[PDB]
Every structure is written in C-alpha cells, then in structure tokens.
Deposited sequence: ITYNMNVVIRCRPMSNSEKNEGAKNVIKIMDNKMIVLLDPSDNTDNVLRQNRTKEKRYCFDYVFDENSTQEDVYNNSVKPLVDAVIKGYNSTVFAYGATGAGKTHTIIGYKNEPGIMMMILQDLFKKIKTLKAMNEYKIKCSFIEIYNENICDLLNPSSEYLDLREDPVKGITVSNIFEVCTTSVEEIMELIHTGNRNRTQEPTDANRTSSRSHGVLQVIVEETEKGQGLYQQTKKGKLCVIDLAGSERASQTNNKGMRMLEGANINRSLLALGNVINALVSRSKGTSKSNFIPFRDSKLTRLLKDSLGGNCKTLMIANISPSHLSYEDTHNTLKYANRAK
C-alpha cells in the first residue's frame, strides 16, 4: 500500500554570493533527523546532510538501499526536490569531473550486477525530458518528443523510446551526460534504467525480473516562452507533489480511500509505476543555508514535512 518514501534533506553549501550579501545561516541542524529554519520552525526527516556532505555520503545514507532494492528485483525512485536554485542537478548528475548520485549509483549498481551476472543482465537505460508535457528522448533526440502509452496491465511505456542495454558504468555515464547535452532546467530530467535479469540458463523457463531505478531532476518551483515554461513547470510540480500527498494518505491507511491523481500530469503518470509499486522511494530535498533563500528554504521544507 505505502510507497516507503524516506525523506532526506541536503543542505548545499553557502555560495560566495550569499556570503557577499552577508546572509547568515538560516538553516540550523539540530540532529541528523531534524532541522530548524531561523524563528526555528521545526522540520523532521529520516536524514539530514550538512553543507560539507559529499556525493558519497549522500549515496550511502539515502539512496544506496533503493539501488540495492532494484538489483534485488524491486522498483525504486529518487525525487530530488525544491524551488529553483535548490541543488537537485548537482546531487543527481553533477558534472563529469564532479558527478552526482548518478555515478555513485552506477558504480555500486554495476559492482553488484557483475557479481550477480555470474543471472545475465541487460541494463536498459533510458533518459527523457518532460517539457510542456512532451517527452524528449534524450538518448535518441532524432525522435524529438514522445507521448506516454498505458500497457497490457496498465503500466506505462514512453512510445517508441530508445533504450540501451548497457553492461558498464562508463557506458551509462557517457550515455547520460550526452543525454544532458540534448536537454533544454526547463524540464523534468527523468533518468531511469531497467535492471533486467534473465536466468543465464536461457533454455530454462526464463522467469525474469525487471528492477526499475529512477532519479528525477524535477524542474523547480518558479516565481512569454519562459512564463509558459514556468507555468507548465510549477503546475506539474504541484501536481506530482500533491499526488505525493495523496500517496501519504494512502500510505497512512486513512479513510481517504480513492484514486490518486497520477493522471493530472505526464510526469506523474509515468512515475506512477514506481510511486505505487513494489518499491522503495526517496525524496531528497535540496535547500540553502542562507537567509537570502529563506522563502525558498521555507517552502521547500514545508512540502518535505508533508511528504514525510
């Protein structure tokens, strides 16, 4: 019933610009599970990362269990979350010479795959851009934008999407960075892979498993082209986020027994398969320590308490 959505907070370091403004530390960490926003409104989570937390620490204390669930045959999804300027792309993709959990994930995922492979794997990587509700194929951009299609037993496939059956960390890493070069953030960077495993004994009944691992560079809350992008982006951010609130009611097991509004957006409808599936989920809120961001840190965290 529940989606087991753990909620962690990552505080990005104060920038030189914030220091030059003279902004002080609006975020005060009280515990690994609790922060206050300065006065001192409380927010409570499963884990909080401070300004010096590394990419490896984020992996180890927040998503490693999700990646593991996938290699073990489950679905899992990481939703980085917040207002524009929050810290999501850096946490997820980062830079090729300073990568995000995408790389930390590939390194751990593939060590586990190579070991387990002794069950043949097909690591079906895909990467899409959800922009104005259209889906860009970022691995094969010649197909431009795609739609979403329900399937026999109504999960969802991005129509005619290009997938790559990779074997290594570097293959997916380069594939993804290229995919980011093909992007517009004005869109939701939905990165996903099907960790498919078939009994090396192919002549035996192939009772395969299809684990699903997904991490999203959600377009942030924004306060004519850009106005529309903002509009569409913010609307989808409210739609997926309140589909999360519906999931909380479901997970709680309260009297609000209804159909969760995943159909409100293409973003959510696709995410549906993992949001309500046999899965583990994680939201990584991304916030700033600066007084300058208080509005942002205040709204991003308010949501995070509700999601949690």
Tell me, which runs of residues in the deposited sequence have no coordinates at all? 39-53, 134, 201-210, 250-256
